[PDB]
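Okay, structure first, notes after.
Computed from the coordinates by the stated procedures, all read-outs in this text should not be read as laboratory data. Cβ sites come from the backbone with ideal geometry, for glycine too, and all protein chains shown count toward neighbours.
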Amino acid sequence: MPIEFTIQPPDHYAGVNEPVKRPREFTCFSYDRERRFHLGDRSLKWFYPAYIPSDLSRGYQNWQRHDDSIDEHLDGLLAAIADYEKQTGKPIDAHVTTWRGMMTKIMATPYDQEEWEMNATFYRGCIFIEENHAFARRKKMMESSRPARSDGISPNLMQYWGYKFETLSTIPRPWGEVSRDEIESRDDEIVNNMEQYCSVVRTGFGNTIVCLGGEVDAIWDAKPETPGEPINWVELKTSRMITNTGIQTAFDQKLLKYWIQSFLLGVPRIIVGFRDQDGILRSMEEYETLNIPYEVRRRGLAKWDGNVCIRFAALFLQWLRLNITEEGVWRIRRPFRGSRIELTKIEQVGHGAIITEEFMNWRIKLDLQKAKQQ
Amino acid sequence: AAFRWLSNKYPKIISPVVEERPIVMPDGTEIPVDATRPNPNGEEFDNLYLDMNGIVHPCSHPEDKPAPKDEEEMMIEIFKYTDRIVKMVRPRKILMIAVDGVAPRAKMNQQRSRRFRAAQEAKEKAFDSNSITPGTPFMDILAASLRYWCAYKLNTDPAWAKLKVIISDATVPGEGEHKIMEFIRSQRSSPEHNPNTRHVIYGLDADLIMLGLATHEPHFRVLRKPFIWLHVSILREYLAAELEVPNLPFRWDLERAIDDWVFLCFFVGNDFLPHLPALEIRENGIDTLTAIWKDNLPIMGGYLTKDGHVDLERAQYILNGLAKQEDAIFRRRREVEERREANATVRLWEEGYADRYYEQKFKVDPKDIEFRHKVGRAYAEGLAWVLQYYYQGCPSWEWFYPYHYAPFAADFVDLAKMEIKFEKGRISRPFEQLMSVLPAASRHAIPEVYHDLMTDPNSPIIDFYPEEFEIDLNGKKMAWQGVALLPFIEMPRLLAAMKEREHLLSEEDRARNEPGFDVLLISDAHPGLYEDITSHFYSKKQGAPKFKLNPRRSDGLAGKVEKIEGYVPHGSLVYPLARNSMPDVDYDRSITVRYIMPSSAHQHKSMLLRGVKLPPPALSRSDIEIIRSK
Ligand SMILES: [Mg+2]
C-alpha cells in the first residue's frame, strides 16, 4: 500500500498556539559572483534605498544568471553545519535538516492548491529533505511552453524586475565607508544572482528541533556583539502597483508566503518595491514580520492564519519522524488540488545525491570521537 | 543682521520654548523641577550640546547685573545658567560641554582685530575679559569647576542617572562649534547610529543654523527672560520649495541644492574673510546669488558643491553672473543712500571707480591689472578653505588671507585654471595663541618671561605690538563696523622669540602649556556602561587601559574610552574653591574616563541615512505657492 497524510481544512488545526523556539543563526556562508562557496559573511550587503523613479527593465540583456539546470542538492548547508560541528566538538541537536523552500511549501499546504514534489532520506537518526529537481525542471519547461499574455510580459522579465531592485537597493559596506559615486552610479551596475549570503538557523516546532538553510538579501546595521541575539535583516521583494482592491486580494494572498519566508529565518523587516505594468519603479514600502498577519486579518480580504501553518508543520514533521526510520530515499508528493500528501520509498539504500560523502565521513569521524571520548 | 534677515524671510522656522518653572515655598526655599517626567515641549531629545562661551562671556560683563566681584561668584552664576538649560531640554542620552580651545590661524586674525580695538578703547577712556582665553589662570579655574559640577550632578539629580556627560575643556584644540560638529560627524559615521536621533544645540552665533543644515540630521533643533526654538526641518521645507528648477539635464537632489545654498550664504559673509564690495546681507545679496545660481544650474551640468568641496569651474559662472551686475548694484546702492541721507571719497558710483579703489585701499599702481587677479585667486582659495572647515573639519591650521580688503567680482578670472591644496600645519601651543592675540595692556594674563617682548623697544618682535594703530571707518558709522589696519604676525619670528626663553617658565606654567583630553563621566546607576567600565578597568582581572563602546550597551554613544592615571574611583567629591559655597559628598557615585571619538578618516557625506522618517509638512500648499511666487 502507499502511505498518505490527509490535509484537513484549516478549521481542523486552528485555535491551538503550538510553540516555536525562536530562530538562532549559528553558522553562515557565501557564494561569490562566480559561484565559489566560502564560509562566513563576505557576500552580505547593507540596505540603502533606490532612486524612486527608475526603470527596472534597464540592462536586461546583460543579466548574469545562475543556471538552474545545475543541481546543488544541500551541499552548502551540509558544509556550513559540518564546520560548526568541527568548531564545537559535538553534533547539532537538530534532527531534521532542509532548505527553507520546502518548509514554506509544507507550511503553505493547508491553503495553497499548487502541486509540489520532494525527495527525503534518513541517516543516523536524522532526516534530510530536498525538492525533486526533475519535477521542478519539467514544470518550468511546461510554464515556458505556455502562450504569452496580451500585455507581452515575459516571466523572465518579471524575474529580472526581481533582481534589478535588489541591485538598486543595496551597498557593499555600511553607509559610513562607501563613497558618494558608489551610491549614485548603481542604476548602471550589471545584475548577478549567483552571488548570495546563506544563513543557517536552529529552530523548532513543538517537540521537534529543526535546522534550516536559506538566502537573506541584506542587513540594516552591523551583526550583534555575541551570537543568538536578534539581527536586523531585510528581505527585498517586487510586485505591480496596487491600483485597485482586486490587486489587493492577490497581494494579501502573496503575504502568506512572504510572512512564512521571513519568519523562518527571524528576518524582522520586509521592504517591497512597486513597479508599474511597463517596469518603472514607482514606490517602496516597509512591513514588519511580526505584524503582516495582523494587517491581513484587519483588512479581511484574504483568509489565512499562521498558527494553522505552524501546527500543521509540527504534525507533518512528527508524521515523517514516525513513518521514516531507515536509510534509502523516500518521495513525498502533493497532487494538484490533492487532499492527501503521498509518501513512498523509491530507493532502498544510500542517499542518491541528497548527502555528500564528505558529510558521511565527517559524521563517521564524529561517532568514532564519541566512542574515543567515552 | 543675520537674524533680522532670517526672521523676516522664513518666519515659520521659529517657535517659543515650553518652560516649566521651579516652585518657591513660603520659607523662600526652591523645589527642583523633576526632569524624569516627559518633556512638556511634546517631543523627546536624545542629545544636548553646549557651546560654553555662549555663557562664560555674558557672566563676566552682563547687561542686566553688576559684574561678579570674584572668580568663585562667577562660577556659581555659570552653574545657575547651565542648570536652567538642562531642566528645559532634559537630554535623555548625551550631554556635551564644549569650551573653546586654541583656534586655527585664520580665526586668530579676527580675534586679534577685535581685542586690539577693545584695548585702545579702554586706553582712550577689575576683571579683564581678555582673561577668557586658553591657558590663563581663569580657564584653569573654569576647567576644574565644570568637572566638579558634573560629578556633583551625577550624585544628586535622578534625571541624570542614565546620562553620559562628555566634557571638552579649554586644554583641547578647536572652537566649540567646530568641536561639536566633529562629534556629530563621528556619530553619523558609526554603523549602528539611530537615523532619527534628536539633537539640540545652545549658542549665540548665527552660524549655528547654517551648521544645522550642514549636519543633514533632519530632526535637529537650535536654542537661544524667554527662549525660542529654531527647527532645521522647517528650513529644509522652505529651501525645497524655493530652490527648485524644472527640466534640469541631471537628477534633482535636494541635499546638493541645500549645500549650494549654504555655500552661497558663507560667500556673502563669514568671520574668516572680508566681505565683497558688491555684497551686504542687508541688501538681500543671498537672493542675487540664488537668482544667478537658478539661471546657471541648467547649463553648469551639475551642482556647485560636492560633500563640502567646491567646483571652481562652476563657480566662474556664478561670479560672471555677479560681475555683469556690479556697476548696476553700486549705482542702486549709492542712489538709495544719497536719496535717504539727503531726506533724513573713493566714488564707487562714478566712472573709473576701481582704479581709485585699488589706489586708496591697496596702495598699488592702478595700472597693475594682474595684482587684482592675484587678490581674486587668494580670495577664491579663502572660499575653498571656509567650506571645507564647516563640512570636513579643519583643513589647515596655519593658512590665512593676507589683506584688509576684498576684490571685485570683475577680478575673478579663469577660476577653472586654479590649483587648491592645503597643508595641515602645526596647531599652536596655548602661550603661542596668547602672545599672538593679546595687546601689551593685558600682559598680566601671561607668564612674566614673555612680558618684555610686548613693551621693550629692544624686543626682536616689538613691531607686532603697536601702542596706537589706524582704523578706517570706510564710510561706515562705527569703529566696530570699520577695519583696523593692524600689522599681520610673521609667525616664525614670534615662535623663535618664544623658543628662546621658555626654560625660564615655572614648572606649573610649563605643565599648563600641554595639550589636554576629553572626558566622559557617568553615574553608578547606568544600565550597562557602568558595569563595563568598573569590570574592565577596576576589577582584579585588569584589562587593557583602552576600551571600545558597544552601541547596544551604551545607548548609541559610539567611540572608545581610556583609563585615567592616578585617579581613584568613589572617593569623596571635594568642592575646589576657598569659601565652601557648595557641598562636598563623602562617597562619589560618579566615575570618570578619557573619551575618544570614532575618527573621520573618510569624507563625511551630504545624504539622508537609510531609515530616516522625515516629519510631516509644516508648510501649507498656500505657503509653498506663496514662496514659489515670491
Ligand atoms: Mg529579496
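Has region A:256-274 got any residue that is more than 16 Å from the ligand (Cβ to nearest atom), farther than 28 Å from A:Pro10 by Cα and within 14 Å of chain B (Cβ to nearest Cβ)?
no
Within region B:32-78, work out how many residues are buried (at least 17 other Cβ atoms within 10 Å of the Cβ) and among the hydroxyl-bearing types (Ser, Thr, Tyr).
2
If I ask for residues that are closer than 13 Å to B:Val612 by Cα and in a helix (DSSP H, G or I), which ones from region B:183-218 would you list?
Passing the criteria: only B:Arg188.
Could you identify the single residue in B:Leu614, B:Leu609, B:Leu549 that is under 26 Å from B:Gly212 (Cα atoms), surrounded by 17 or more Cβ atoms within 10 Å (Cβ to Cβ) and hydrophobic (A, V, I, L, M, F, W, C)?
Of B:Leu614, B:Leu609, B:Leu549, the one residue that is under 26 Å from B:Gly212 (Cα atoms), surrounded by 17 or more Cβ atoms within 10 Å (Cβ to Cβ) and hydrophobic (A, V, I, L, M, F, W, C) is B:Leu609.
Which of the residues that make up region A:178-207 are closer than 19 Å to A:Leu77 by Cα and in contact with a helix residue (DSSP H, G or I) (Cβ under 7 Å, 6 or more places away or on another chain)?
A:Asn193, A:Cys198, A:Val200
Spot the failing condition for A:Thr104; the list is (1) farther than 15 Å from A:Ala313 by Cβ; (2) out of contact with any strand residue (DSSP E or B) (no Cβ under 7 Å at 6 or more places or on another chain); (3) within 16 Å of the ligand (Cβ to nearest atom), and only one is missed.
Of (1) farther than 15 Å from A:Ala313 by Cβ; (2) out of contact with any strand residue (DSSP E or B) (no Cβ under 7 Å at 6 or more places or on another chain); (3) within 16 Å of the ligand (Cβ to nearest atom), only one is false for A:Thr104: (1).
Quick one: A:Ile280 ticks every box in (1) under 17 Å from A:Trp161 (Cβ atoms); (2) touching a strand residue (DSSP E or B) at 6+ places or on another chain (Cβ under 6 Å); (3) within 13 Å of the ligand (Cβ to nearest atom) bar one, so which box is it?
(3)
Within region A:154-191, restricting attention to residues that are away from chain B (no Cβ under 14 Å) and not in a helix (DSSP H, G or I), which residue is farthest from the ligand (Cβ to nearest atom)?
A:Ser154
Which numbered condition in (1) farther than 30 Å from B:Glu72 by Cβ; (2) surrounded by fewer than 17 Cβ atoms within 10 Å (Cβ to Cβ); (3) of a type in the set (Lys, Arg) is the only one that B:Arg579 fails?
Result: B:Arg579 passes all but (1).
Per-residue answers, yes or no, for (1) surrounded by 18 or more Cβ atoms within 10 Å (Cβ to Cβ); (2) more than 30 Å from B:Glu237 (Cα to Cα); (3) over 31 Å from the mean Cα position of the chain (by Cα):
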position: B:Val262; (1), (2), (3): yes, no, no
position: B:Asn270; (1), (2), (3): yes, no, no
position: B:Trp293; (1), (2), (3): yes, no, no
position: B:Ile299; (1), (2), (3): no, no, yes
position: B:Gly302; (1), (2), (3): no, no, no
position: B:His309; (1), (2), (3): no, no, no
position: B:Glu326; (1), (2), (3): yes, yes, yes
position: B:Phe330; (1), (2), (3): yes, yes, yes
position: B:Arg347; (1), (2), (3): no, yes, yes
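For region A:193-246, which positions are of a type in the set (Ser, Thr, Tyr) and within 16 Å of the ligand (Cβ to nearest atom)?
A:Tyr197, A:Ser199, A:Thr238, A:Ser239
Do we have A:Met142 as away from the ligand (no atom under 16 Å from the Cβ) and touching a helix residue (DSSP H, G or I) at 6+ places or on another chain (Cβ under 7 Å) here?
Spelling it out, it is not the case that A:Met142 is away from the ligand (no atom under 16 Å from the Cβ) and touching a helix residue (DSSP H, G or I) at 6+ places or on another chain (Cβ under 7 Å).
Looking only at region A:288-310, decide whether some residue is away from the ligand (no atom under 14 Å from the Cβ), aliphatic (A, V, I, L, M) and under 30 Å from A:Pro172 (Cβ atoms).
Within region A:288-310 (the criterion being away from the ligand (no atom under 14 Å from the Cβ), aliphatic (A, V, I, L, M) and under 30 Å from A:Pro172 (Cβ atoms)), the answer is yes, since at least one residue qualifies.
Got a number for residues in region B:593-603 being more than 9 Å from chain A (Cβ to nearest Cβ) and closer than 30 Å to B:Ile234 by Cβ?
Matching residues across region B:593-603 total 2.
Inside region B:302-330, can you point out the residues that are within 15 Å of B:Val413 (Cα to Cα) and small (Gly, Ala, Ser)?
Matches in region B:302-330: B:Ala315, B:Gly321, B:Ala323.
Listed here are the residues, each with its yes/no results for (1) of a type in the set (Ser, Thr, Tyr); (2) part of a loop (DSSP other than H, G, I, E, B); (3) touching a helix residue (DSSP H, G or I) at 6+ places or on another chain (Cβ under 6 Å).
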| site | (1), (2), (3) |
| --- | --- |
| B:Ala103 | no, yes, no |
| B:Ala119 | no, no, yes |
| B:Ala122 | no, no, no |
| B:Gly135 | no, yes, yes |
| B:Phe138 | no, no, yes |
| B:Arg147 | no, no, no |
| B:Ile166 | no, no, no |
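So which residues in region B:604-622 are of a type in the set (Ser, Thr, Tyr) and away from chain A (no Cβ under 14 Å), if there are any at all?
B:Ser620, B:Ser622
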